Amino acid sequence: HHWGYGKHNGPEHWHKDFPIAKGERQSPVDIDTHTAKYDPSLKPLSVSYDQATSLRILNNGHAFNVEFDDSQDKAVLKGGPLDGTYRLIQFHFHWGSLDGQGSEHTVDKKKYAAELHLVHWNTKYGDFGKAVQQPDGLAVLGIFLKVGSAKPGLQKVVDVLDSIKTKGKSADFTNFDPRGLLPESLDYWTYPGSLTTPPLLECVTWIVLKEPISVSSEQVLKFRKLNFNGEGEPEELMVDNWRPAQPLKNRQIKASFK
Ligand SMILES: NS(=O)(=O)Oc1ccc2c3c(c(=O)oc2c1)CCCCC3
Ligand SMILES: [Zn+2]
Ligand SMILES: [Zn+2]
(Lines give C-alpha, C1' and ligand atoms only; values in the text may rest on other atoms or scores of the structure.)
(Ligands and ions follow the chains in the order given, each with its own letter.)
Protein backbone atom coordinates (compact mmCIF):
# COMPACT_ATOMS: atom_id res chain seq x y z
CA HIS A 1 0.00 0.00 0.00
CA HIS A 2 1.29 3.54 0.64
CA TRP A 3 5.00 3.01 1.42
CA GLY A 4 6.16 3.15 5.00
CA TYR A 5 8.65 1.43 7.23
CA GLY A 6 6.40 -1.43 8.34
CA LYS A 7 6.70 -5.12 7.50
CA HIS A 8 4.06 -4.90 4.76
CA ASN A 9 4.94 -1.52 3.23
CA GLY A 10 8.59 -1.11 4.17
CA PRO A 11 11.88 -0.93 2.20
CA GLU A 12 11.61 -4.45 0.79
CA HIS A 13 8.32 -3.52 -0.89
CA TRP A 14 9.22 -0.10 -2.29
CA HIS A 15 10.49 -1.38 -5.65
CA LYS A 16 6.94 -2.38 -6.63
CA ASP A 17 5.84 1.26 -6.68
CA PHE A 18 9.29 2.70 -7.41
CA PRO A 19 11.32 0.43 -9.75
CA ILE A 20 14.37 2.67 -9.31
CA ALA A 21 14.68 1.14 -5.83
CA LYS A 22 16.72 -1.52 -7.64
CA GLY A 23 18.81 1.04 -9.52
CA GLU A 24 22.55 1.51 -10.08
CA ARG A 25 23.16 4.22 -7.47
CA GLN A 26 20.79 3.70 -4.57
CA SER A 27 21.51 4.89 -1.03
CA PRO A 28 22.42 4.29 1.72
CA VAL A 29 25.52 2.10 1.45
CA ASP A 30 28.10 0.57 3.77
CA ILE A 31 31.37 2.48 3.84
CA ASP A 32 34.18 -0.08 3.80
CA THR A 33 37.30 1.58 5.26
CA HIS A 34 39.48 -1.08 3.64
CA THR A 35 38.31 -0.04 0.17
CA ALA A 36 37.61 3.69 0.65
CA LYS A 37 39.86 5.72 -1.64
CA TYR A 38 41.64 8.85 -0.43
CA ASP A 39 41.35 11.51 -3.15
CA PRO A 40 43.94 14.29 -2.68
CA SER A 41 41.95 16.33 -5.21
CA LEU A 42 38.89 16.72 -2.98
CA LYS A 43 38.50 20.27 -1.65
CA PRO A 44 37.48 21.07 1.93
CA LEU A 45 33.76 21.56 2.58
CA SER A 46 32.50 25.13 2.73
CA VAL A 47 29.52 25.57 5.04
CA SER A 48 27.92 28.99 5.48
CA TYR A 49 24.93 28.68 7.79
CA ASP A 50 25.31 31.99 9.62
CA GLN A 51 22.35 33.37 7.66
CA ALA A 52 20.24 30.23 7.96
CA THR A 53 16.58 31.03 8.62
CA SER A 54 14.55 28.19 10.16
CA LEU A 55 10.77 28.39 9.71
CA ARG A 56 8.98 25.46 11.33
CA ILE A 57 9.24 21.85 12.44
CA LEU A 58 6.76 19.22 11.29
CA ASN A 59 5.87 15.56 11.70
CA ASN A 60 5.13 14.26 8.20
CA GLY A 61 4.61 10.61 9.11
CA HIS A 62 8.08 9.48 8.05
CA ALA A 63 10.15 11.57 10.43
CA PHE A 64 10.21 15.16 11.58
CA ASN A 65 11.95 17.92 9.69
CA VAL A 66 12.86 21.53 10.17
CA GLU A 67 12.23 23.66 7.10
CA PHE A 68 14.29 26.70 6.15
CA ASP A 69 13.67 29.79 4.04
CA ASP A 70 15.65 28.91 0.91
CA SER A 71 14.75 32.11 -0.92
CA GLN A 72 17.94 34.15 -0.53
CA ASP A 73 21.44 32.80 -1.08
CA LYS A 74 21.48 32.62 2.72
CA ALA A 75 22.67 29.27 4.06
CA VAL A 76 24.61 27.45 1.36
CA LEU A 77 26.91 24.48 0.98
CA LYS A 78 29.79 24.46 -1.48
CA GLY A 79 33.29 23.19 -2.06
CA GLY A 80 34.11 19.55 -1.51
CA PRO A 81 33.07 17.37 -4.50
CA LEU A 82 30.49 19.99 -5.44
CA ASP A 83 30.38 22.37 -8.40
CA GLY A 84 28.37 25.51 -7.76
CA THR A 85 26.18 26.52 -4.83
CA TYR A 86 23.60 24.42 -2.96
CA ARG A 87 20.87 26.01 -0.80
CA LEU A 88 19.88 24.42 2.52
CA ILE A 89 16.18 23.53 2.47
CA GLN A 90 15.56 21.25 5.48
CA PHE A 91 16.99 18.64 7.81
CA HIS A 92 15.61 15.52 9.48
CA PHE A 93 16.82 12.39 11.27
CA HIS A 94 16.50 8.60 11.04
CA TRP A 95 16.68 6.56 14.25
CA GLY A 96 16.06 3.11 15.70
CA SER A 97 14.00 1.21 18.25
CA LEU A 98 17.19 0.91 20.33
CA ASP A 99 20.60 2.60 20.57
CA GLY A 100 22.26 -0.23 18.64
CA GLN A 101 20.69 0.79 15.32
CA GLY A 102 19.11 3.71 13.53
CA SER A 103 21.59 5.10 11.02
CA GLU A 104 21.16 4.48 7.29
CA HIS A 105 24.81 4.55 6.28
CA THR A 106 27.12 2.19 8.17
CA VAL A 107 30.90 2.20 8.58
CA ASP A 108 32.50 -1.23 8.29
CA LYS A 109 29.02 -2.61 9.00
CA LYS A 110 28.76 -0.60 12.23
CA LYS A 111 25.39 1.04 12.87
CA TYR A 112 24.96 4.31 14.79
CA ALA A 113 22.02 5.34 16.99
CA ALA A 114 20.77 7.85 14.42
CA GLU A 115 21.67 9.81 11.31
CA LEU A 116 21.17 13.51 10.62
CA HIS A 117 20.49 14.62 7.03
CA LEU A 118 20.87 18.23 5.89
CA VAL A 119 19.31 18.54 2.42
CA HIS A 120 20.51 21.13 -0.13
CA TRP A 121 19.65 21.76 -3.79
CA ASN A 122 21.81 22.97 -6.69
CA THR A 123 21.01 26.64 -7.38
CA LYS A 124 21.86 26.32 -11.08
CA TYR A 125 18.52 24.56 -11.59
CA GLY A 126 16.34 27.42 -10.35
CA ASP A 127 14.23 25.59 -7.78
CA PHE A 128 14.15 22.44 -5.69
CA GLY A 129 11.59 20.80 -7.95
CA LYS A 130 13.79 20.90 -11.05
CA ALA A 131 16.95 19.88 -9.20
CA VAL A 132 15.62 16.43 -8.23
CA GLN A 133 15.38 15.61 -11.94
CA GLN A 134 19.16 15.96 -12.37
CA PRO A 135 21.98 13.59 -11.30
CA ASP A 136 23.73 16.46 -9.49
CA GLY A 137 20.57 18.16 -8.26
CA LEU A 138 20.90 17.58 -4.53
CA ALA A 139 23.60 17.33 -1.91
CA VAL A 140 22.86 15.72 1.44
CA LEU A 141 25.25 16.14 4.33
CA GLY A 142 25.06 13.09 6.56
CA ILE A 143 26.07 13.14 10.21
CA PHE A 144 26.13 10.16 12.59
CA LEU A 145 24.91 10.42 16.17
CA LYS A 146 26.48 8.26 18.91
CA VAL A 147 25.21 8.13 22.50
CA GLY A 148 27.33 9.91 25.10
CA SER A 149 27.50 13.51 26.29
CA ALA A 150 24.60 15.78 25.34
CA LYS A 151 24.73 18.07 22.31
CA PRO A 152 23.67 21.56 23.49
CA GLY A 153 22.60 22.62 20.01
CA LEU A 154 20.10 19.78 19.69
CA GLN A 155 18.21 20.54 22.91
CA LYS A 156 15.89 23.09 21.28
CA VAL A 157 14.82 20.45 18.75
CA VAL A 158 14.12 17.66 21.24
CA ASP A 159 12.20 19.86 23.69
CA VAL A 160 9.65 20.83 21.04
CA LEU A 161 8.90 17.27 19.91
CA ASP A 162 6.13 17.04 22.50
CA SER A 163 3.95 19.39 20.46
CA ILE A 164 4.31 17.51 17.15
CA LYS A 165 3.89 13.89 18.29
CA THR A 166 1.42 12.97 15.54
CA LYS A 167 1.45 13.14 11.74
CA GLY A 168 0.25 16.52 10.50
CA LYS A 169 1.34 18.50 13.55
CA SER A 170 3.46 21.58 12.82
CA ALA A 171 4.97 24.33 14.97
CA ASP A 172 6.79 27.58 14.24
CA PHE A 173 10.50 26.95 14.70
CA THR A 174 12.31 30.22 14.12
CA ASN A 175 15.83 31.22 15.13
CA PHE A 176 17.34 27.74 15.12
CA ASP A 177 21.03 27.71 14.17
CA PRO A 178 22.04 24.45 12.44
CA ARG A 179 25.72 25.15 13.18
CA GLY A 180 25.20 23.71 16.65
CA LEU A 181 24.63 20.28 15.09
CA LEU A 182 27.96 20.06 13.30
CA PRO A 183 30.93 18.07 14.55
CA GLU A 184 34.39 19.54 15.10
CA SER A 185 35.97 18.07 11.96
CA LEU A 186 34.62 18.34 8.43
CA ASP A 187 36.55 15.36 7.02
CA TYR A 188 34.22 13.33 4.82
CA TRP A 189 33.48 10.43 2.50
CA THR A 190 31.56 11.07 -0.71
CA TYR A 191 29.79 9.06 -3.41
CA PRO A 192 26.94 9.49 -5.92
CA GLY A 193 23.64 8.17 -4.62
CA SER A 194 19.91 8.66 -4.17
CA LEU A 195 17.17 9.77 -1.81
CA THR A 196 16.61 7.06 0.83
CA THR A 197 12.82 7.25 0.82
CA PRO A 198 10.44 7.19 -2.15
CA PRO A 199 10.63 8.46 -4.88
CA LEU A 200 14.25 7.31 -4.44
CA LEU A 201 15.52 9.56 -7.24
CA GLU A 202 19.23 9.15 -8.03
CA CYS A 203 19.98 12.87 -7.83
CA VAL A 204 22.15 13.07 -4.73
CA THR A 205 25.83 13.68 -4.14
CA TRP A 206 26.36 12.19 -0.69
CA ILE A 207 28.71 13.79 1.80
CA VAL A 208 29.05 11.76 4.98
CA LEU A 209 31.15 13.19 7.79
CA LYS A 210 33.69 10.91 9.47
CA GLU A 211 33.18 12.46 12.91
CA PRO A 212 29.89 11.61 14.64
CA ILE A 213 28.23 14.05 17.03
CA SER A 214 27.54 12.92 20.57
CA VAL A 215 24.02 13.10 21.97
CA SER A 216 22.79 11.88 25.35
CA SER A 217 20.57 8.83 25.84
CA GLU A 218 18.00 11.25 27.23
CA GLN A 219 18.00 13.24 23.98
CA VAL A 220 17.68 10.29 21.57
CA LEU A 221 14.95 8.82 23.75
CA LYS A 222 12.62 11.73 22.92
CA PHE A 223 12.84 10.87 19.21
CA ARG A 224 11.20 7.54 20.04
CA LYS A 225 8.04 9.11 21.45
CA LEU A 226 6.86 10.39 18.07
CA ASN A 227 4.18 8.48 16.14
CA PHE A 228 3.76 7.54 12.47
CA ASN A 229 -0.03 7.81 12.69
CA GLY A 230 -2.13 10.95 12.75
CA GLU A 231 -4.06 12.17 15.79
CA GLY A 232 -7.01 9.93 16.54
CA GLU A 233 -5.80 6.69 14.96
CA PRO A 234 -4.09 3.37 15.85
CA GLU A 235 -0.88 4.24 17.69
CA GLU A 236 2.25 3.25 15.78
CA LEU A 237 5.50 4.51 17.28
CA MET A 238 7.92 6.26 14.94
CA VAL A 239 11.00 4.05 15.30
CA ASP A 240 13.34 2.34 12.83
CA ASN A 241 12.58 4.75 10.00
CA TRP A 242 15.79 3.81 8.20
CA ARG A 243 16.51 2.04 4.92
CA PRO A 244 19.03 -0.84 4.92
CA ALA A 245 22.32 -0.53 3.01
CA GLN A 246 22.02 -0.99 -0.75
CA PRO A 247 24.39 -2.64 -3.28
CA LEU A 248 27.38 -0.43 -4.06
CA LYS A 249 27.49 -1.70 -7.66
CA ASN A 250 30.29 -0.08 -9.68
CA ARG A 251 30.63 2.93 -7.38
CA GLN A 252 33.75 4.04 -5.53
CA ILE A 253 33.64 5.81 -2.18
CA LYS A 254 36.21 8.57 -1.85
CA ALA A 255 37.67 10.04 1.33
CA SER A 256 38.88 13.61 1.84
CA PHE A 257 41.31 12.36 4.48
CA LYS A 258 44.28 10.00 4.54
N1 LIG B 1 17.20 10.37 3.36
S2 LIG B 1 16.75 11.64 2.37
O3 LIG B 1 17.35 13.10 2.76
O4 LIG B 1 16.92 11.28 0.78
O5 LIG B 1 15.39 11.76 2.52
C6 LIG B 1 14.49 12.40 1.71
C7 LIG B 1 13.75 11.65 0.79
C8 LIG B 1 12.80 12.30 -0.06
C9 LIG B 1 12.61 13.74 0.02
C10 LIG B 1 11.58 14.49 -0.91
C11 LIG B 1 11.43 15.87 -0.80
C12 LIG B 1 12.30 16.65 0.23
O13 LIG B 1 12.18 17.86 0.32
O14 LIG B 1 13.40 15.93 1.24
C15 LIG B 1 13.41 14.51 0.98
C16 LIG B 1 14.34 13.84 1.83
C17 LIG B 1 10.42 16.71 -1.69
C18 LIG B 1 10.21 16.25 -3.19
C19 LIG B 1 11.33 15.35 -3.78
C20 LIG B 1 11.18 13.86 -3.39
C21 LIG B 1 10.72 13.67 -1.93
ZN1 LIG C 1 42.51 -3.55 4.81
ZN1 LIG D 1 17.18 11.22 5.33
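The chain is numbered in sequence order, starting from 1. Basis for what follows: all heavy atoms, side chains included, without hydrogens, waters or symmetry-related copies. Counting convention: from 1, in listed order, for ligands and their atoms alike.
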Exercise for the section: Report yes or no: do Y191 and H105 form a side-chain donor-acceptor pair below 3.5 Å? Expected result: yes
Fill in the blank from the handout: For ligand 1, protein residues within the heavy-atom limit of under 4.0 Å are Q90, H92, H94, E104, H117, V119, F128, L195, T196, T197, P199
Handout entry: Closest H117 atom to the Zn ion (ligand 3) [N, O or S only]
Key = ND1
Handout entry: Basic-acidic side-chain contact under 4.0 Å: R25, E202
Key = no
Problem - Criterion salt bridge (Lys or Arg N to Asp or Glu O under 4.0 Å) on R224 and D240, from CA distance to verdict - result: CA-CA 9 Å; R224 303 182 190 131; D240 288 323; over 6 Å; no
Practice task
Let me see the working for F68 and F176 under ring-ring contact (aromatic ring centres under 6.0 Å, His included), right down to the final yes or no.
Solution key: CA-CA 10 Å; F68 289 73; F176 179 77; 7.3 Å; no
Practice task
Please check if the side chain of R87 supplies one atom and the backbone of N122 the other of a donor-acceptor pair under 3.5 Å.
Solution key: no
Exercise for the section: Verify the neighbour count for atom NZ of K151: are there more than 12 heavy atoms of other residues, nucleotides or ligands below 6.0 Å? Expected result: yes
Practice task
Please note down the angle at the Zn ion (ligand 3) between NE2 of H92 and NE2 of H94, to the nearest 10°.
Solution key: 110°
Completion exercise
Atom name of the N, O or S atom of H34 nearest to the Zn ion (ligand 2) is ND1
Exercise for the section: Decide salt bridge (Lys or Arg N to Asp or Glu O under 4.0 Å) for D83 and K78; before the verdict, give the C-alpha distance in whole Å, the side-chain angles of both, and the deciding distance to 0.1 Å. Expected result: CA-CA 7 Å; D83 294 308; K78 58 186 186 65; over 6 Å; no
